[PDB]
RNA sequence: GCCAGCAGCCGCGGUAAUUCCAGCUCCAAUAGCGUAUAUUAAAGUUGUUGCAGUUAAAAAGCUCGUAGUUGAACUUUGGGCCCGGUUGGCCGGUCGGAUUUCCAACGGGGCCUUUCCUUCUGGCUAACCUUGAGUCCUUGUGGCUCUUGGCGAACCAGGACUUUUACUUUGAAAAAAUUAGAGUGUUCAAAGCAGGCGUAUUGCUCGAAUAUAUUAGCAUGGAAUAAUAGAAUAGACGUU
RNA sequence: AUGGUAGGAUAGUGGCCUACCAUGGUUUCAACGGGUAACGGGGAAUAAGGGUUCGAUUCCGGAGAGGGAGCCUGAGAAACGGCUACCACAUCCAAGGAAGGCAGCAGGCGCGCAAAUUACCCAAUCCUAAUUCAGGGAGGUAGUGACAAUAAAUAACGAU
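Residue numbers (my numbering), protein chains in the order written: chain A, 47 to 306; chain B, 2 to 143; chain C, 806 to 984; chain D, 723 to 856.
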C-alpha cells in the first residue's frame, strides 16, 4: 500500500528475537541497516530483553544520549541501530566487549569477550570491482566499502579489519578443508570443515561440512562464513564451541547438572 | 470391475462423475441456487420482525378434530402472507391485533409440524417481552 | 490488536446422553470421592483420553526411534511425578491400563481424607475452600489440585489457620466477649 | 508484629546509571503484607544511600499473605535519581512537586482554538473596535 | 352436556369430564417463569468420520469416451562393532534428594563390512592412528595433566555444480482483549492484575505467567510412503 | 481488451492515458454474468469426537457523510461540524434576496414487533495546542434499565 512500511506488528518480528508475545502490541524495527534485517537486531533489545543492563524502552533512550556505547568503535544515539553477525558493542561505564554471534540451539547470544579482542572483525567477501576513476573494492556483509585491496582476494571468503581503521589485515580463502560458521537455515549457530563446494550454475551452489562430534551436512553456498584453518578458529566462539545435540543428549546434561 | 474407472490417470473423470452425481442428494440442491436466499420467508435467516393482521382458526389433519390458534403476518422485510402458530393455554389473548410479534422456526426446516397442514411458524415474543412470561406471569404488556 | 490469547475447554461430554447403565457409575463415584457436578468426571475423563493416544500414537513408531523414547521417558516421568501409575509398571505400553479411578486418589480433595485430618471425605473439602489446608508453608483453595508425589508428606494446617496457630477463629471472638 | 525480614535477589552491578539493581523479598507473620515510605528504610539501612535515592515498585503479596516480593533499585547519590527517574514515581516519595497541568480534553481543545490564527492575532484585538464603532 | 372451550402431537367434551370453567388439594421451576420466532444439539433424518438405493423414496436403456479420480511390483537389505544419554530396578552414599559399581528397557550420534560427503583454494583445525615423560592405587584396556611428523566437513567464504515435488519434523515469526489456564480470600463468586510482610516511628519485598493461537509462506532434521528425472541414431567419468 | 516501443501524467511504477504497432489475455480444476435480508476478521453461541449457524455491535482494517461531481488549503483531505455548483430535501423573509446537512451528543418526529435522560464534571483516561495554567457530549459519571450475568432474604429455635 503506497511508500515503504515504517512500523512492525508484534509476531512479525523474527522468531529469534524470542520476543515475548504479549504486552507490546508493537515490536520494533531497524531503519536502513548496514545489516540484513532478519539475521539482525537492535540495541533496544540487546541492552532490555537479553542482558538487563535496561529495565523500560524510554530508559534505553537514556543510556545512549549519555554517547556511551560504541558499535564498531563508533557511537550511535540510533535507538534501533540495525546491528549484527560479527559485531562489536563496547561498554564504556563497565571494558565490559560483546561479539555478536549465535546460540547453538538457534538463538542471538550473550557472549562476553578480552577487551583486546574488540579490536578487529570478520569483514564476508561480497563482490569485486575495477569502480569509480578506475579503482578496484570489496563490499563486506558488514554493508560496509573497502579500497585498494590485494588481488589474491577473490569472491567468497572473510577480511580482520581494525575498527579504529578500515584496514584489511589478513584474509582467508575458500578451500576443501577450512573451518566454517553457518550463518542462516536449520543449521544456524553451528560450525566447522568444507568437506566438499558442489559447484553447478544459474544459481544454487551447495556445501559439505562436519563438526567436532563427526555429525553431518548440506546447506546453501550463500549461508557460509569462513573463520580459520581447523584449529585458531580468527575466534571467541560461544559455548556448546558451537555443536548440536539430538535432544536425547541435551535432556541428560540438565538432569549431570541437577544442582541449588 | 464395478462401475467406476479405478487406474491411476482417472484423476479427471472422478472429480466430475462425484460433482455430477452430487446434484439430486437433496441438500448440497438448497445449497446452490441457495434457494435459503431467494425463496422462503427468512431468506438466509434465523428470526424475524413482523406485525399481525386477523386471528385465524385452523382445524386439525386427521387421525385427530382440534380447532388450533394461528395468526397472520408483515414481515419487516419481504412484506409475504405466511401463517404462524401460538403456544400453552389461550396465549391467544396477549396478541391483540396489529401488535409487534417476534417470529422463529418450527425445528423442522421448510417443512411442516405434527397435526397442522400449509403451516410453518412459532410466535416466540410480543411487543419483545417472551409469551413464555406473558403465560407464567413474570412480566406483563404495555 | 495484540497476541490473541489462547485457550482450550477441558471437557469432552458424552456420545449418548441418557442409561439406569453408566449413570448409577457416576453418582458410583461423585459420592464415594467427595466431587460435585458432572463437569468433573468429565474433566479427568478428557485428560486420560488425552494421554491415552500419545501412547497409541507411538507403540505404531519402530521401538527405539528417537521420538518414541525421547517422549516416553520424559511422558511417563510426568506421571511417576503425580503417584498416578507406580515405580515397579512403566515400560510405556501398560500407561493405556489406567482407568478414571486411579487419578482420583491423587486429587487433594480426597489425598487429605487419607493424613486423616478430616472426619469423612465433605469435612475433607469445606476444609480446602476455607483456606485451612498448605503444602510448603503454602495455602492451596481448590479441590482439584493433583498431588505431586514428592511434596504429600508436606501436606498440612498453616500459621494463617485456625486449626494450627494464628487465632481461635471467629465464633470463639464472641464465647469470650459473653461469659 | 514477630518481625519483617528483607531477604533480597538477583543483584546486578548496573554501571550505566550509578545503578544497583535487584529483586526484593519478605517473610511477614502477622503484618497483612508491606508499606513502601517505611520499606525503603530497610534497604537504605544496609546499602548506604539515605532513603530518597531509592526504589521498590510492584510489591505483590503471595496468595495467606505470609509472603512478599517487587523491584529493587539502588541509586548512587540522590542526584542521579532526580535524572533517570520517571517523575508519576517520585510522587510516591514526595521528591517531585506534582505538575497541576489540564483534563487532556482541554489540552488537545487548545491546539484547535491557535492554529487558525496566522501569528499572534494581536491585530485582531484592534480589528475589534475596526468593527464595533462604525 | 360434540355446545362453550382446551389440546405443540396423540386426543378430551354427545348427564356420574383423572384434559374444558372454577373451588380445594398436590407437582415444577423458582425473583424469576412462560409464549412466539430464528438457530443449534438431539441429526448416523446430509453422512469425510457415519447413512439409504431387491420391494420402503432411490442403479441411468446399454455401451464408447475428453476432463475428473484411482492406478501390480522392482532399484542397501543385513550384519559388525563402538561410545554415551533417562526412564526402571539394586544400593541410599546420608544430617525426605545428591550418585557409583551391579543391572533391564529404550531411543540415539558415530564408524566398519565393495558404501557421495555439491566439492575445490585457504585459513581451523575438533579429534587421536599420535607419544615425548610416566605411573595415584583393587597382588590392571578400572583413572587424564602434555609438543613436534599426522583427521577435515566441528566452517568460515569465494566460486564451480549442487534432479525436482508433495508428506513429516521441529523452530521461529507471529496483537491483546476473548478462550483454555497459574498464582491470588474481590467478604464468596462473576471478577480484577492484584498483593505480601516489617522495626505497621519513616522499609522490605513477591509477582503481574504459561499454553493455544491450524488455513498460506519461510528456515529446518527426516528420507518410509506417493509421484518424478537422468543414457538405447549415443551418454558417464579423464590421466591423454 | 494483452503485450511491445517512446513520450505525457504522477510524489512515483503501470495501457494510468495517448501516439503508432502486434493479436493476444480468462474459461467445467466454474471465468463472465444473477443473487446476498454481505462491511471483513479477531471471535459468539453449540459444546465426545468430526461439526453446524452467527459474527450491523466495546479492538484491527476499509467505506460514508442526503445524492453525485470537481478543487482551495495544507506535510497530510476528493474533507462534508471545508467551499462551489448540479439534483433531491427543507428553512427564513419587508419577495429585493439571503442561509442550510444528528448515520457527533442529547433529545423529538417518523417507521415500526423492536431499544433510554434536551440531566452533572475535566476530578481520573487521554489528545490539542503557542503551550504546566485553557478547551475537550473524546471521555467519564449519575438518571431511565428485569439484555444479560454474579450472588442470595421471605423466617428460626424452644416448650407445650
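Ideal Cβ placement from N, Cα and C applies to all residues, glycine included.
Please name the residue or residues paired with residue i in a DSSP beta bridge.
i: residue 207 of chain A; result: Residue 207 of chain A is not bridged to any residue.
i: residue 124 of chain B; result: B:104
i: residue 375 of chain A; result: Outside the displayed range of chain A (47 to 306) lies residue 375 of chain A, so it cannot be described from this structure.
i: residue 26 of chain B; result: None, per the DSSP bridge assignment.
i: residue 253 of chain A; result: The partner list for residue 253 of chain A (beta bridge, DSSP) is empty, contrary to what the question assumes.
i: residue 136 of chain A; result: A:116
i: residue 70 of chain B; result: B:58
i: residue 51 of chain B; result: B:102
i: residue 734 of chain D; result: D:743
i: residue 795 of chain D; result: D:743
i: residue 244 of chain A; result: A:252
i: residue 850 of chain D; result: According to DSSP, which records beta bridges pairwise, residue 850 of chain D is partnered with nothing at all.
Determine the contact status of residue i and residue j, defining contact as a CB-CB distance below 8 angstroms.
i: residue 136 of chain B; j: residue 89 of chain B; result: yes
i: residue 889 of chain C; j: residue 903 of chain C; result: yes
i: residue 901 of chain C; j: residue 948 of chain C; result: no
i: residue 103 of chain B; j: residue 122 of chain B; result: no
i: residue 83 of chain B; j: residue 96 of chain B; result: no
i: residue 225 of chain A; j: residue 238 of chain A; result: yes
i: residue 215 of chain A; j: residue 208 of chain A; result: yes
i: residue 766 of chain D; j: residue 760 of chain D; result: no
i: residue 928 of chain C; j: residue 940 of chain C; result: no
i: residue 938 of chain C; j: residue 961 of chain C; result: yes
Is it buried or exposed for residue i, if we count other Cβ within 10 angstroms and need 16 for buried?
i: residue 790 of chain D; result: buried
i: residue 785 of chain D; result: exposed
i: residue 932 of chain C; result: buried
i: residue 118 of chain B; result: exposed
i: residue 134 of chain A; result: buried
i: residue 288 of chain A; result: buried
i: residue 76 of chain A; result: buried
i: residue 203 of chain A; result: buried
i: residue 74 of chain A; result: buried
i: residue 797 of chain D; result: buried
i: residue 233 of chain A; result: buried
i: residue 839 of chain C; result: buried
i: residue 60 of chain B; result: exposed
i: residue 246 of chain A; result: exposed
i: residue 309 of chain A; result: In the structure displayed, chain A extends from 47 to 306; residue 309 of chain A sits before or after that span and is not available.
i: residue 71 of chain A; result: exposed
In its own chain, which residues sit with a C-beta less than 6 angstroms from the C-beta of residue i, not counting the 5 before and 5 after it?
i: residue 865 of chain C; result: none
i: residue 727 of chain D; result: 749
i: residue 365 of chain A; result: The displayed coordinates of chain A run from 47 to 306. Any statement about residue 365 of chain A would go beyond what the structure contains.
Near residue i, which residues of its chain fall below 8 angstroms by C-beta distance, leaving aside the five closest residues on each side in sequence?
i: residue 747 of chain D; result: 728, 729, 730, 731, 789, 790, 791
i: residue 175 of chain A; result: 182, 183
i: residue 29 of chain B; result: 23
Using a Cβ-Cβ cutoff of less than 7 angstroms, which residues in the same chain neighbour residue i once the five nearest sequence positions on both sides are dropped?
i: residue 199 of chain A; result: 171, 184, 205, 217
i: residue 51 of chain B; result: 74, 75, 76, 77, 102, 104
i: residue 953 of chain C; result: 886, 887
i: residue 835 of chain C; result: none
- request: With 9 angstroms as the limit, tell me which residues of the region 850 to 870 of chain C have their beta carbon closer than that to any beta carbon of chain A; keep them in chain order.
  value: none
message: Along the region 790 to 812 of chain D, where does the CB come closer than 7 angstroms to a CB of chain A? Name the residues.
response: 806
Contacting positions in the region 944 to 964 of chain C - beta carbon closer than 8 angstroms to chain D: 944, 963, 964
message: Closer than 9 angstroms between beta carbons: that is the criterion. Which residues of the region 112 to 142 of chain A meet it against chain C?
response: none
- prompt: Taking any Cβ of chain C, which residues in the region 269 to 301 of chain A have a Cβ under 9 angstroms from it, in chain order?
  reply: 292, 293, 294, 297
query: According to a CB-to-CB cut-off of less than 7 angstroms, which residues of the region 54 to 69 of chain A neighbour chain C?
result: 57, 67, 68
query: Using Cβ-Cβ distances below 9 angstroms, what residues of the region 971 to 984 of chain C are close to chain D?
result: 971
Contact list for the region 807 to 818 of chain C against chain A, Cβ threshold 7 angstroms: 807, 808
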